[PDB]
Amino acid sequence: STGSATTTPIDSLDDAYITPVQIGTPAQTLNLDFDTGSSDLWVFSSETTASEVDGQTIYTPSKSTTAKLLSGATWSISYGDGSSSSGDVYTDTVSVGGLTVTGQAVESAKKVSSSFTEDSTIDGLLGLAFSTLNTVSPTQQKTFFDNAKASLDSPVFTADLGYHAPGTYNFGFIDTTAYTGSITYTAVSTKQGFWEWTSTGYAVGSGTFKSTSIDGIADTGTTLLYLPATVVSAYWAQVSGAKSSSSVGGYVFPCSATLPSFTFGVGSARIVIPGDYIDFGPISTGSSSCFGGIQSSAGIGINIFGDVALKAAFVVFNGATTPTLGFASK
């Protein structure tokens, strides 16, 4: 089997991407944030504290003839940015782009933090990291990809995120029309439960390439590119007036600037992030100070190849017995 679904930016800045997901019988369609940096499929629901729901579409398991309470099971997750959610668990039928999993754990939110409530466009998350990170207790549950894997034509999914435009998540096949040149594959460590890999270096604008190993995660659920302070400083040093602002919480730059590109290495291959992808616009409405899309990972504890990086590539998440990651230009 295969599946194919379009993923759409939630706003003009590409702060996140939503993909429609069919849950239950009859189908209830929710728009979920596909997140290769976590491993829980959770949704706003009829159980979510009413004051914490503001415009989201909810899953109502009582209206699904295939929903079954997973007795005794609870979940609770906290993300790096301080957001969180928790609740109980149902199993139900979940389909993405024509690909159907029966008995998928659908984690129903009883509580969500303010940032989720304030995001009216995101109805939940669909995790695509390794199932070892799943938070369901006392019986850990598998991700949608893990459940689908054996049935897929090939045990893979691909992320093709757009810049200010829709893109595609595919399951079970590689669309050879969706990228240019060849796909370069690179090793993955699953030791932390992430799609963790080592970039071979970077360049800033038309500058020379610096060969240096950068361990990080391919994370569709994080907006920005978080890299070591040395790398980030080298980038922003090429933008007149750019500075790190503790009050804003990162690098900002004059909105009048033209940003240089940023290149990252995948083995001997190179992925170029155009300067425009690094512009996240005014810090507040009407400001002439703009927020940068490349930020320091110092104090995160891990480097994160978030949407800023991934949207510059066609990315293969290869879930073979020994997983690997593939990157192509597009």
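In this chain, numbering begins with 1 at the start of the sequence shown.
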Regarding [X] and [Y], is there a side-chain donor-to-acceptor distance under 3.5 Å anywhere?
{"X": "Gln104", "Y": "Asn147", "answer": "yes"}
{"X": "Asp92", "Y": "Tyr59", "answer": "yes"}
{"X": "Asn303", "Y": "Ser297", "answer": "yes"}
{"X": "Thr49", "Y": "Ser51", "answer": "no"}
{"X": "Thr66", "Y": "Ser64", "answer": "yes"}

Practice prompt. Count the heavy atoms of every other residue, nucleotide or ligand shown that sit under 6.0 Å from NZ of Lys210, and state whether that count exceeds 12.
Written response: no

Fill in: Set of residues satisfying ring pair (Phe, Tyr, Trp, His ring centres under 6.0 Å) with respect to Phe262, sequence neighbours excluded
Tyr202

Worksheet item: Does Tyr179 have any ring pair (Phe, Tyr, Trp, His ring centres under 6.0 Å) partners at least two apart in sequence or in another chain, and if so, which?
Response: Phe314

Determine all donor-acceptor pairs shorter than 3.5 Å in which one atom belongs to a side chain in residues 119-129; sequence neighbours excluded.
from   : atom 1 : to    : atom 2 : distance (Å)
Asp123 : OD1    : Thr57 : N      : 2.9
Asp123 : OD2    : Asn31 : N      : 2.8

Pairs satisfying salt bridge (charged side-chain N to carboxylate O under 4.0 Å, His left out), at least one member in [range], at least two apart:
{"range": "residues 222-238", "result": "none"}
{"range": "residues 248-261", "result": "none"}
{"range": "residues 77-87", "result": "none"}
{"range": "residues 6-34", "result": "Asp14-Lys311"}

When rounded to the nearest 0.5 angstrom, what is the spacing between [atom1] in [X] and [atom2] in [Y]?
{"X": "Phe130", "Y": "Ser189", "atom1": "CZ", "atom2": "OG", "result": "9.0 Å"}
{"X": "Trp236", "Y": "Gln295", "atom1": "CH2", "atom2": "CD", "result": "7.0 Å"}
{"X": "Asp88", "Y": "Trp75", "atom1": "CG", "atom2": "CH2", "result": "9.0 Å"}
{"X": "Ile302", "Y": "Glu196", "atom1": "CD1", "atom2": "CD", "result": "4.5 Å"}
{"X": "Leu41", "Y": "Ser108", "atom1": "CG", "atom2": "OG", "result": "11.5 Å"}
{"X": "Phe145", "Y": "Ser39", "atom1": "CZ", "atom2": "OG", "result": "12.0 Å"}

With sequence neighbours excluded, what pairs up with [X] under the side chain to side chain contact (heavy atoms under 4.5 Å, CB included) test?
{"X": "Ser76", "result": "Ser86"}
{"X": "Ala269", "result": "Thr184"}
{"X": "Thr19", "result": "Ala5, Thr7, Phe34, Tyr169"}
{"X": "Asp276", "result": "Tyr163"}

Discussion item. Test: side-chain hydrogen bond (donor to acceptor under 3.5 Å, both in side chains). Region: residues 252-265. Which pairs qualify, not counting sequence neighbours?
Written reply: none

Practice prompt. Run through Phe327, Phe305, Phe317 and flag the one making a ring-ring contact (aromatic ring centres under 6.0 Å, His included) with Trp195.
Written response: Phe317

Discussion item. One pair to check against side chain to side chain contact (heavy atoms under 4.5 Å, CB included): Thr200 and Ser211. What are the steps and the verdict?
Written reply: CA-CA 6 Å; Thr200 47; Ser211 295; over 6 Å; no

Worksheet item: Can you say whether the rings of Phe116 and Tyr79 are parallel (under 30°), tilted (30 to 60°) or perpendicular (over 60°)?
Response: perpendicular

Worksheet item: Short question: side chain of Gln56, backbone of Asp54 - any donor-acceptor pair under 3.5 Å?
Response: yes

